[PDB]
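Enquirer: Here it is, the structure in full.
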Amino acid sequence: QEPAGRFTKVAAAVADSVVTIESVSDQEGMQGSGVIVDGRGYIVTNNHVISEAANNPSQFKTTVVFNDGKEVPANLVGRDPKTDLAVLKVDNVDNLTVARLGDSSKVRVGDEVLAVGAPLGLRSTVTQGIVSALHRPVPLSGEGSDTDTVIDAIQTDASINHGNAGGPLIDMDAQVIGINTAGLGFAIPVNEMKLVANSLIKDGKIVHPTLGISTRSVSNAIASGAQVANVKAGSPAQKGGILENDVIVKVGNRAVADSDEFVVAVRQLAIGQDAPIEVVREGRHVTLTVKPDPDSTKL
């Protein structure tokens, strides 16, 4: 309608892009949300939405449910537990309404957002709020024996819940600016999603940089830095001159407030090139140089 509200118009516009994701076994049953990102049938969700199914593919049958009601099977193209993203493939489906993606770098504090979940899902919700913060590191608990991670989130005061998760964060132009993830809500920004989706589409898996160090945050609520707890034998850090008890304050061009920012900062680096790591050892400001390894447990 034309007497229709601002958020009602936007929610209706994106509805056909948003998808239900169900994984059924003879015992358990999971349900989340997803967004259609490619006309060939590529869908983005959270890793945690599909986590249990991917861990036990044998016994789990994952299906996609469209806004029109149609139910097709879906295959895992790939997943990244480190960024809580996953891509799913759907075969030979006609006239998918592909979501228009936005630019998460042009997002500002105060912008009005809709956290949109699957229209036909069971717990399913559409929530509204503003962007509370940009580039906010959030630790996420990887359930079902997945590794715990930190993501660089868009913080929103829109409520993100079971009925929302894996669905898009949508701005006022009906553009996807994030994937809903997790007392306020958090989203993975769409620019990161694009990079991760493309690495997953291309070769099934994604490789992240590592430095070889573990950290502890130095101050309680102030940005004092990330203290080095251990430097592992032969690590990029050790070869670079990171000592234990150093306080890391900048990795690349990104500043480092604490442990959480440290994790998201390292992920921003490229595996090949040399990168500066600013540090405060026993008093003085020294800028070490590190070349990050891949994080593979494989050649």
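Within each chain, counting starts at residue 1; across the structure tokens, chains are named A, B, ... in the order shown, with ligands numbered 1 upward in that order.
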As a compact mmCIF listing (two decimals) with N, CA and C atoms, in the first residue's frame, please: the residues near stretch 202-216 of chain A (cut-off 10 Å, only C-alpha atoms, same-chain neighbours under 6 positions excluded).
Expert:
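The result, written out as around11.txt:
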```
# COMPACT_ATOMS: atom_id res chain seq x y z
N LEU A 76 25.72 -27.31 1.72
CA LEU A 76 26.77 -26.44 2.24
C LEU A 76 27.90 -26.26 1.22
N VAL A 77 27.95 -25.08 0.61
CA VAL A 77 29.12 -24.72 -0.20
C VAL A 77 30.35 -24.53 0.70
N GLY A 78 30.17 -23.83 1.82
CA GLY A 78 31.24 -23.64 2.81
C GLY A 78 30.82 -22.87 4.05
N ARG A 79 31.67 -22.91 5.07
CA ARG A 79 31.42 -22.20 6.31
C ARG A 79 32.70 -21.67 6.95
N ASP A 80 32.57 -20.58 7.69
CA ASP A 80 33.67 -20.01 8.45
C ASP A 80 33.29 -19.77 9.92
N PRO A 81 33.77 -20.65 10.82
CA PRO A 81 33.49 -20.49 12.25
C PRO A 81 34.12 -19.24 12.86
N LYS A 82 35.23 -18.77 12.28
CA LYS A 82 35.94 -17.57 12.74
C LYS A 82 35.18 -16.25 12.53
N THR A 83 34.30 -16.20 11.53
CA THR A 83 33.53 -14.99 11.22
C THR A 83 32.02 -15.22 11.35
N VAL A 87 27.81 -20.24 3.68
CA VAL A 87 27.13 -20.13 2.39
C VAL A 87 26.47 -21.47 2.09
N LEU A 195 33.56 -10.57 1.14
CA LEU A 195 34.89 -11.19 1.07
C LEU A 195 34.86 -12.67 1.44
N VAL A 196 34.24 -12.98 2.58
CA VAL A 196 34.06 -14.34 3.09
C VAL A 196 33.19 -15.20 2.16
N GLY A 225 45.39 -1.77 25.99
CA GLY A 225 45.99 -2.65 24.98
C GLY A 225 45.84 -4.13 25.24
N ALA A 226 46.51 -4.92 24.40
CA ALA A 226 46.52 -6.37 24.51
C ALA A 226 47.90 -6.89 24.89
N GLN A 227 47.99 -7.46 26.10
CA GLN A 227 49.25 -8.00 26.62
C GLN A 227 49.52 -9.40 26.08
N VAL A 228 50.74 -9.61 25.60
CA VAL A 228 51.17 -10.90 25.06
C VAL A 228 51.40 -11.91 26.18
N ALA A 229 50.67 -13.02 26.12
CA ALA A 229 50.74 -14.06 27.15
C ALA A 229 51.79 -15.12 26.84
N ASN A 230 51.86 -15.54 25.58
CA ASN A 230 52.81 -16.54 25.12
C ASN A 230 53.20 -16.25 23.67
N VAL A 231 54.48 -16.40 23.37
CA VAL A 231 54.95 -16.40 21.98
C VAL A 231 55.40 -17.82 21.64
N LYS A 232 54.67 -18.46 20.73
CA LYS A 232 54.91 -19.85 20.34
C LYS A 232 56.19 -19.99 19.49
N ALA A 233 56.89 -21.12 19.69
CA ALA A 233 58.10 -21.47 18.94
C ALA A 233 57.91 -21.33 17.43
N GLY A 234 58.76 -20.53 16.80
CA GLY A 234 58.77 -20.37 15.34
C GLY A 234 57.65 -19.56 14.71
N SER A 235 56.81 -18.94 15.53
CA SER A 235 55.68 -18.11 15.08
C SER A 235 56.13 -16.86 14.31
N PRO A 236 55.25 -16.30 13.42
CA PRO A 236 55.49 -14.97 12.83
C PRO A 236 55.87 -13.89 13.85
N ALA A 237 55.26 -13.96 15.04
CA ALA A 237 55.52 -13.03 16.13
C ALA A 237 56.93 -13.17 16.68
N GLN A 238 57.36 -14.41 16.92
CA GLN A 238 58.69 -14.69 17.46
C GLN A 238 59.80 -14.21 16.51
N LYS A 239 59.63 -14.52 15.22
CA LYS A 239 60.53 -14.07 14.15
C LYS A 239 60.50 -12.55 13.97
N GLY A 240 59.47 -11.91 14.51
CA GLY A 240 59.27 -10.46 14.43
C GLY A 240 59.80 -9.69 15.63
N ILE A 242 58.28 -10.03 18.93
CA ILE A 242 57.28 -9.91 20.00
C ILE A 242 57.77 -10.75 21.16
N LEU A 243 58.00 -10.09 22.29
CA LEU A 243 58.32 -10.75 23.55
C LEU A 243 57.04 -10.90 24.36
N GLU A 244 57.06 -11.82 25.32
CA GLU A 244 56.02 -11.94 26.34
C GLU A 244 55.96 -10.65 27.18
N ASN A 245 54.76 -10.31 27.64
CA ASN A 245 54.48 -9.12 28.49
C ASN A 245 54.52 -7.74 27.79
N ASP A 246 54.78 -7.76 26.48
CA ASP A 246 54.50 -6.65 25.59
C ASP A 246 53.00 -6.30 25.59
N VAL A 247 52.70 -5.02 25.43
CA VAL A 247 51.31 -4.55 25.34
C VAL A 247 51.09 -4.03 23.93
N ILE A 248 50.35 -4.80 23.13
CA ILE A 248 50.09 -4.47 21.73
C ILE A 248 48.99 -3.42 21.64
N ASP A 258 42.18 -3.98 23.33
CA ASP A 258 42.18 -5.13 24.24
C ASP A 258 42.33 -6.43 23.44
N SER A 259 42.16 -7.57 24.11
CA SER A 259 42.20 -8.89 23.46
C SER A 259 41.26 -9.07 22.27
N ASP A 260 40.04 -8.57 22.40
CA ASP A 260 38.98 -8.75 21.40
C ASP A 260 39.30 -8.00 20.11
N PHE A 262 42.31 -7.04 19.28
CA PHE A 262 43.50 -7.72 18.77
C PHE A 262 43.13 -8.82 17.76
N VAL A 263 42.22 -9.71 18.16
CA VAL A 263 41.77 -10.81 17.29
C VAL A 263 41.22 -10.29 15.96
N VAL A 266 44.10 -8.75 13.66
CA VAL A 266 44.97 -9.72 12.99
C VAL A 266 44.30 -10.26 11.72
N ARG A 267 42.99 -10.50 11.80
CA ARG A 267 42.22 -11.00 10.67
C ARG A 267 42.20 -10.03 9.48
N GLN A 268 42.40 -8.75 9.75
CA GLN A 268 42.45 -7.72 8.72
C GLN A 268 43.72 -7.74 7.85
N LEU A 269 44.81 -8.29 8.40
CA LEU A 269 46.09 -8.43 7.69
C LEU A 269 46.02 -9.42 6.52
N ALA A 270 46.98 -9.31 5.60
CA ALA A 270 47.13 -10.27 4.50
C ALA A 270 48.29 -11.23 4.79
N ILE A 271 48.11 -12.50 4.43
CA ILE A 271 49.05 -13.59 4.77
C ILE A 271 50.46 -13.36 4.20
N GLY A 272 50.53 -12.86 2.97
CA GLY A 272 51.81 -12.58 2.33
C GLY A 272 52.64 -11.51 3.01
N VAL A 290 56.01 -7.98 11.42
CA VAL A 290 55.55 -9.36 11.36
C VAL A 290 54.98 -9.69 9.98
N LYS A 291 55.24 -10.93 9.55
CA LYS A 291 54.67 -11.53 8.34
C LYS A 291 53.79 -12.72 8.75
N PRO A 292 52.44 -12.59 8.64
CA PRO A 292 51.52 -13.60 9.20
C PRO A 292 51.44 -14.90 8.40
N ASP A 293 51.47 -16.03 9.11
CA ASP A 293 51.31 -17.36 8.51
C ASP A 293 49.83 -17.62 8.21
N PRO A 294 49.52 -18.63 7.36
CA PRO A 294 48.14 -19.14 7.30
C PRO A 294 47.77 -19.85 8.61
N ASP A 295 46.48 -19.99 8.90
CA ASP A 295 46.04 -20.65 10.13
C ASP A 295 45.72 -22.15 9.97
N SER A 296 46.06 -22.70 8.80
CA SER A 296 45.77 -24.10 8.44
C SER A 296 46.39 -25.12 9.40
```
Enquirer: Sorted by chain and rising residue number, list the residues of stretch 136-222 of chain A at most 12 Å from stretch 23-33 of chain A (counting only C-alpha atoms), each with its closest atom pair and distance in Å to one decimal, as JSON lines.
Expert:
```
{"residue": "A:160", "atom": "CA", "partner": "A:33", "partner_atom": "CA", "distance": 11.7}
{"residue": "A:161", "atom": "CA", "partner": "A:32", "partner_atom": "CA", "distance": 10.0}
{"residue": "A:162", "atom": "CA", "partner": "A:32", "partner_atom": "CA", "distance": 7.0}
{"residue": "A:163", "atom": "CA", "partner": "A:32", "partner_atom": "CA", "distance": 6.9}
{"residue": "A:164", "atom": "CA", "partner": "A:33", "partner_atom": "CA", "distance": 6.5}
{"residue": "A:165", "atom": "CA", "partner": "A:33", "partner_atom": "CA", "distance": 5.9}
{"residue": "A:166", "atom": "CA", "partner": "A:33", "partner_atom": "CA", "distance": 4.8}
{"residue": "A:167", "atom": "CA", "partner": "A:33", "partner_atom": "CA", "distance": 4.7}
{"residue": "A:168", "atom": "CA", "partner": "A:33", "partner_atom": "CA", "distance": 8.4}
{"residue": "A:169", "atom": "CA", "partner": "A:33", "partner_atom": "CA", "distance": 11.6}
{"residue": "A:179", "atom": "CA", "partner": "A:33", "partner_atom": "CA", "distance": 9.6}
{"residue": "A:180", "atom": "CA", "partner": "A:33", "partner_atom": "CA", "distance": 9.1}
{"residue": "A:181", "atom": "CA", "partner": "A:33", "partner_atom": "CA", "distance": 10.4}
```
Enquirer: Go ahead and save the picked residues with N, CA and C atoms, as a CSV table (one decimal), in the first residue's frame.
Expert:
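Once written, selection-v7.csv looks like this:
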```csv
chain,number,residue,atom,x,y,z
A,160,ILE,N,18.3,-8.6,18.3
A,160,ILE,CA,18.7,-9.8,17.5
A,160,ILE,C,18.5,-11.0,18.4
A,161,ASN,N,17.7,-12.0,17.9
A,161,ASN,CA,17.3,-13.2,18.6
A,161,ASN,C,17.2,-14.4,17.7
A,162,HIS,N,16.7,-15.5,18.2
A,162,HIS,CA,16.6,-16.8,17.5
A,162,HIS,C,15.8,-16.6,16.2
A,163,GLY,N,14.8,-15.7,16.2
A,163,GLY,CA,13.9,-15.5,15.1
A,163,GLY,C,14.5,-14.5,14.0
A,164,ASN,N,15.7,-14.1,14.2
A,164,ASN,CA,16.4,-13.1,13.5
A,164,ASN,C,17.7,-13.5,12.9
A,165,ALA,N,18.4,-14.4,13.6
A,165,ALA,CA,19.8,-14.8,13.4
A,165,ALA,C,20.0,-15.4,12.1
A,166,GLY,N,21.1,-15.0,11.4
A,166,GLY,CA,21.4,-15.4,10.0
A,166,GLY,C,20.7,-14.6,9.0
A,167,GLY,N,19.7,-13.9,9.3
A,167,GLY,CA,18.9,-13.0,8.5
A,167,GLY,C,19.6,-11.7,8.2
A,168,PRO,N,19.2,-10.9,7.3
A,168,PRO,CA,19.9,-9.6,7.0
A,168,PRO,C,19.7,-8.5,8.0
A,169,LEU,N,20.7,-7.6,8.2
A,169,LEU,CA,20.5,-6.3,8.7
A,169,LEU,C,20.3,-5.4,7.5
A,179,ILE,N,24.7,-9.3,8.4
A,179,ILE,CA,24.0,-10.5,8.8
A,179,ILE,C,23.8,-10.5,10.3
A,180,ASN,N,22.6,-10.6,10.8
A,180,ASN,CA,22.3,-10.6,12.2
A,180,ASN,C,22.9,-11.8,12.9
A,181,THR,N,23.5,-11.6,14.0
A,181,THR,CA,24.4,-12.6,14.7
A,181,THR,C,24.0,-12.9,16.1
```
Enquirer: To one decimal in Å, tell me the separation between atom CA of residue A:197 and atom CA of residue A:108.
Expert: 23.6 Å
Enquirer: Counting only C-alpha atoms, figure out which residue out of A:265, A:101, A:251, A:93 gets nearest to residue A:190.
Expert: A:101
Enquirer: Would you kindly return, as a VMD selection string, each protein, DNA or RNA residue with an atom no farther than 7 Å from any atom of residue A:249, considering only C-alpha atoms and excluding same-chain residues fewer than 3 positions away?
Expert: chain A and resid 225 to 226 255 to 257 278 to 279
Enquirer: Could you go through stretch 79-231 of chain A and tell me which residues DSSP, when run on the backbone, assigns to alpha helix (DSSP H), listing them as a list in words?
Expert: residues 190, 191, 192, 193, 194, 195, 196, 197, 198, 199, 200, 201, 202 and 203 of chain A
Enquirer: What would the file look like if the residues just selected were written as a short mmCIF file (atom, residue, chain, number, x, y, z; two decimals), in the first residue's frame with C-alpha atoms?
Expert:
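Written output follows (part-v7.cif):
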```cif
data_model
loop_
_atom_site.label_atom_id
_atom_site.label_comp_id
_atom_site.auth_asym_id
_atom_site.auth_seq_id
_atom_site.Cartn_x
_atom_site.Cartn_y
_atom_site.Cartn_z
CA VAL A 190 28.21 -6.80 4.60
CA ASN A 191 31.66 -5.83 3.25
CA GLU A 192 33.22 -8.64 5.34
CA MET A 193 30.37 -10.93 4.26
CA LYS A 194 31.20 -10.28 0.56
CA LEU A 195 34.89 -11.19 1.07
CA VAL A 196 34.06 -14.34 3.09
CA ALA A 197 31.21 -15.40 0.74
CA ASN A 198 33.53 -15.11 -2.27
CA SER A 199 36.35 -17.09 -0.65
CA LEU A 200 33.80 -19.78 0.26
CA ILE A 201 32.13 -19.86 -3.18
CA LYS A 202 35.56 -19.98 -4.94
CA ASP A 203 37.25 -22.84 -3.04
#
```
Enquirer: From the set A:142, A:39, A:117, A:73, which residue has the shortest atom-to-atom contact distance to residue A:95, counting only C-alpha atoms?
Expert: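 The closest residue to residue A:95 is A:39.
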Enquirer: Extract, using only C-alpha atoms, all DNA, RNA and protein residues at most 12 Å from residue A:13, discarding same-chain residues fewer than 6 positions from it, and format them as a list in words.
Expert: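 Returned residues: residues 1, 4, 6, 7, 67, 97, 98, 99, 100, 114, 116, 119, 170, 171, 172, 173, 174, 175 and 176 of chain A.
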Enquirer: From stretch 149-251 of chain A, collect each residue whose DSSP state is strand (DSSP E or B) and return the set as a PyMOL selection string.
Expert: chain A and resi 149-156+168-170+176-180+185-189+209-210+213-217+226-231+247-251
Enquirer: Find the spatial neighbours of residue A:155, counting only C-alpha atoms, within a cut-off of 12 Å - ignore same-chain residues fewer than 2 positions away - and output them as a PyMOL selection string.
Expert: chain A and resi 107-113+115+129-138+151-153+157-160+169+177-189
Enquirer: So how far away is atom CA of residue A:121 from atom CA of residue A:92, in Å?
Expert: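 Computing the Euclidean distance for atom CA of residue A:92 and atom CA of residue A:121 yields 22.6 Å.
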Enquirer: Quick one, how far is atom CA of residue A:220 from atom CA of residue A:275?
Expert: 27.9 Å
Enquirer: Nearest to residue A:140 among A:281, A:253, A:218, A:48, with distances taken over only C-alpha atoms: which residue is it?
Expert: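 Looking at the shortest contact to residue A:140, the residue is A:48.
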